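Undergrad: So that we are looking at the same thing, I have put the structure below in structure tokens.
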Amino acid sequence: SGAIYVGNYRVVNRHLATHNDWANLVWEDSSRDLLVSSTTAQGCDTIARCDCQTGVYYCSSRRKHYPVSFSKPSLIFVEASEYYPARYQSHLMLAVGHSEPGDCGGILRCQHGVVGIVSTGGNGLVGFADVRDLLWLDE
Ligand SMILES: Cc1ccccc1NC(=O)c1ccc(C)c(C(N)=O)c1
Ligand SMILES: [Zn+2]
Numbered sequence: 007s008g009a010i011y012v013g014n015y016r017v018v019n020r021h022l023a024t025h026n027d028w029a030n031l032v033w034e035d036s037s038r039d040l041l042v043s044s045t046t047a048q049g050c051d052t053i054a055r056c057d058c059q060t061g062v063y064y065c066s067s068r069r070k071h072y073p074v075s076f077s078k079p080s081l082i083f084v085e086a087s088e089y090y091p092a093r094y095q096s097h098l099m100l101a102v103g104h105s106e107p108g109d110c111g112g113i114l115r116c117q118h119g120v121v122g123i124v125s126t127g128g129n130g131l132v133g134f135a136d137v138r139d140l141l142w143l144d145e
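Counting from 1, position 42 in the sequence shown corresponds to residue 48 in PDB author numbering; the numbering is continuous, with no gaps.
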């Protein structure tokens, strides 16, 4: 689990979105595993606006943060999960690292702010859904 709170927006993994997220929907993209809902309370997280390929992510299955090198956002084939088929996921970044299903939502940060959230795993790789291209999140 996990979310990003910026301005009057909440960014979550689309497969973990709640009824309240869907009832206050702003934007969702099934190919990216992202959903953004509106909030009444103001958030104060900052989204990174950069091309960093190094950062640190939170791994809830180890109660630890890990420094990683990750690939630029791209269209990657990902295997089937418990309730969803195998497909190409877009705007995905991969790194060598540990990730279990419940780790989804853990934030990847660089010196400029939030880069993305854990979205995929398997074969000793962790994949993060990028949010740096969503410039509207800060306006
Ligand atoms: C994070 C992880 C680690 C190890 C093994 C599997 C996972 N993946 C998931 O739990 C997961 C579940 C549901 C969906 C829709 C997606 C996705 N991004 O398409 C990923
Ligand atoms: Zn950066």
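Every residue, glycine too, gets a C-beta built ideally from N, C-alpha and C.
(1) Would the region 39-56 count as touching the region 99-108 if we require 3 or more Cβ pairs under 8 angstroms?
(2) Beta carbon of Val32: closer than 7 angstroms to some heavy atom of ligand 1?
(3) Residues near ligand 2, CB to any non-hydrogen atom under 5 angstroms, in chain order?
(4) Take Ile53 as the anchor and find which of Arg16, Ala92, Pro107 and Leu98 has the nearest alpha-carbon.
(5) I want to check one thing, is the minimum distance from the CB of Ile10 to the heavy atoms of ligand 3 below 7 angstroms?
(6) Using three-state DSSP, classify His71 as helix, strand or coil.
(7) Can you say whether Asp144 is buried or exposed, counting buried as having 16 or more other CB atoms within 10 angstroms of its CB?
(8) My assumption, with CB atoms under 8 angstroms, is that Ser125 sits in contact with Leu98. Please give the rounded CB distance.
(9) Please tell me whether, using a cut-off of 7 angstroms, the distance from the CB of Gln95 to the nearest non-hydrogen atom of ligand 1 is below it.
(10) So, using beta-carbon positions, are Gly49 and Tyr11 closer together than 8 angstroms?
(11) With 16 other CB atoms within 10 Å as the buried threshold, where does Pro73 fall?
(12) Please identify the residue among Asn26, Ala29 and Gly127 whose C-alpha is closest to the C-alpha of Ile82.
(13) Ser105: beta carbon under 7 angstroms from a heavy atom of ligand 1?
(14) Could you tell me if the beta carbon of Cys65 falls within a distance shorter than 7 angstroms of some heavy atom in ligand 1?
TA: From the atom records:
(1) No, the region 39-56 does not touch the region 99-108.
(2) Checking the Cβ of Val32 against ligand 1 gives no.
(3) For ligand 2, residues qualifying as neighbours are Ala54, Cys56, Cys58, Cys116 and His118, where qualification means a beta carbon closer than 5 angstroms to at least one of its heavy atoms (chain order).
(4) Nearest in C-alpha terms to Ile53, of all of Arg16, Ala92, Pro107 and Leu98, is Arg16.
(5) With respect to ligand 3, the structure shown offers nothing to examine, as its ligands consist of ligand 1 and ligand 2.
(6) Three-state DSSP puts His71 in a strand.
(7) Counting the other CB atoms within 10 Å of its CB gives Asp144 a total below 16, which places it among the exposed residues.
(8) The pair is a contact, with the Cβ atoms about 7 angstroms apart (cut-off 8 angstroms).
(9) Yes, the beta carbon of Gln95 sits closer than 7 angstroms to at least one heavy atom of ligand 1.
(10) Yes, Cβ-Cβ distance for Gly49 and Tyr11 is below 8 angstroms.
(11) Burial call: exposed.
(12) Selected option, being the one with the closest Cα: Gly127.
(13) Flag set: Cβ of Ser105 near ligand 1.
(14) No - ligand 1 has no heavy atom lying nearer than 7 angstroms to the Cβ of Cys65.
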